[PDB]
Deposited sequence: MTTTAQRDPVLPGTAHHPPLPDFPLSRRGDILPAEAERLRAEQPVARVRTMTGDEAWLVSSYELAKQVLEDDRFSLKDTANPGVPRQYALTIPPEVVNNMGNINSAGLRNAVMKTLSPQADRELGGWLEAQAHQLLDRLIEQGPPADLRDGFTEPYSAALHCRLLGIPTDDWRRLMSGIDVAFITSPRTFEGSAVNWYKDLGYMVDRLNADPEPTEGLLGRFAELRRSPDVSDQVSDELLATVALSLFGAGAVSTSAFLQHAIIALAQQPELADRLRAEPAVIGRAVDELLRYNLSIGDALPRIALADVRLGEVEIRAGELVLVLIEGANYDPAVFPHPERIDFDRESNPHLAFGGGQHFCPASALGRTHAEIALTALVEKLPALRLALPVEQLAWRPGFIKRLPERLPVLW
């Protein structure tokens, strides 16, 4: 038979039809990823939340040689604490007001130049960069170069491409350099890392690998989610009116946008460490399982009228940060990051709308996120 292809659609302003048809007809389906390998696409909420919590489905092993891949790869010590005190909003008391300031300078720059403007280049991208620069404790001077490296880092490619490794070691280098500076870094994950290799009980390259992969994962995540948040806010201006009128609903509203957003454009991958029956399908050890977040978060068995943005849902047990052992360790930084972004957004640009019909946004191909290459708006 002909197998379904994965990924589904770079267009992210409606749920792809295919996601719905899969979850309905075959919530576990053998699909053909872009590398040519075959994997199992889990597209319903019950079975998705199962794979994320069942630890016989491993993440680490997706990086092993010769296991099947959805796309080619592009890349222990008590460091955990340094990470987790970096990822608590309660370990940077100043974070919230600073981000509020960041978001307002960016927006005031745009207001002074006047509409239209690209909200990716002029807002989501410098903003997502500034937060992660603070998280690492590096200056926001090279944010364009840094976000540019992300443009290569999270390319999704059928085969391995040179330049992914050159790009890796290029920014690996930049990180190692911020870390070994002559006024040695205090402040930030890097500041926490310097203190760490002075204590008496880990390589600089390993240290930089963490700061990099962290700066990469969160910037690309929060900038993509923020653009999808914004497109929602422009297409459905009633939602902005809701926030201007009722500032307190910002968190629940971000919570729904998280569920509704189509910024994730790969699936969450796992390798089966043992035969498991999942649904009506015997999955064999060593096969690949791809957890399709939008399939789960649009599942009508758990969320009524999933196609409709709704801030007043009784219950919202969505999977936008994943589940299980590998849940996002920055869920709240993400959440905080977006709430402040958007509260500022609706105060400053209350007339916010797209500069042209939605159908004519350019959706980026070949990337880990679905995102519009430019986000032109009016206000």
query	finding
Where the deposited sequence has no C-alpha coordinates (positions from 1, in order)	1-17, 93-104, 231-234
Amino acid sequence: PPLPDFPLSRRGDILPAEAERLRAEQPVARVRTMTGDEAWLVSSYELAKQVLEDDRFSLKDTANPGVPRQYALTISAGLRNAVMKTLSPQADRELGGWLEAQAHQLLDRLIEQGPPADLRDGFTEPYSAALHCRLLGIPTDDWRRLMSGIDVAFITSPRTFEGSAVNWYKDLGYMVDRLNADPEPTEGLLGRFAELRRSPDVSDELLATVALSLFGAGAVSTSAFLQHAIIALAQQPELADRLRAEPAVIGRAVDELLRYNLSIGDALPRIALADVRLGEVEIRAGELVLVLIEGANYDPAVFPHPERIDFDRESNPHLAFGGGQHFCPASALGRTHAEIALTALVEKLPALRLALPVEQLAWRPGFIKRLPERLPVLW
From here on, numbers count along this sequence of modelled residues.
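For the two forms, the rigid core is made up of the largest set of C-alpha atoms that agree within 1.5 Å on superposition.
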query: Greater Cα displacement in 4 other deposited structures of this protein once the core is superposed, comparing 228-236 with 76-84; finding: 76-84
query: Residue gap status of residue 100, at least a third of other entries; finding: no
query: Other PDB entries, at least a third, lacking residue 141; finding: no
query: Residue range whose averaged C-alpha B-factor is higher in the record, 338-346 or 54-62; finding: 54-62
query: Greater mean Cα temperature factor according to the PDB record, 189-197 or 166-174; finding: 189-197
query: Member of 146, 101, 248, 283 with the greatest C-alpha B factor (per the PDB record); finding: 283
query: From 73, 309, 219, 240, residue of greatest CA B-factor; finding: 73
query: Third of the chain's Cα B-factor distribution that residue 359 belongs to, per the entry; finding: lowest
query: Cα B factor band for residue 34 (lowest, middle or highest third within the chain); finding: middle
query: Within-chain third of residue 8 by Cα B-factor, per the entry; finding: middle
query: Ranked against its chain, the third holding the CA B-factor of residue 228; finding: lowest
query: Residue 368 - Cα temperature factor, lowest/middle/highest third of chain; finding: lowest
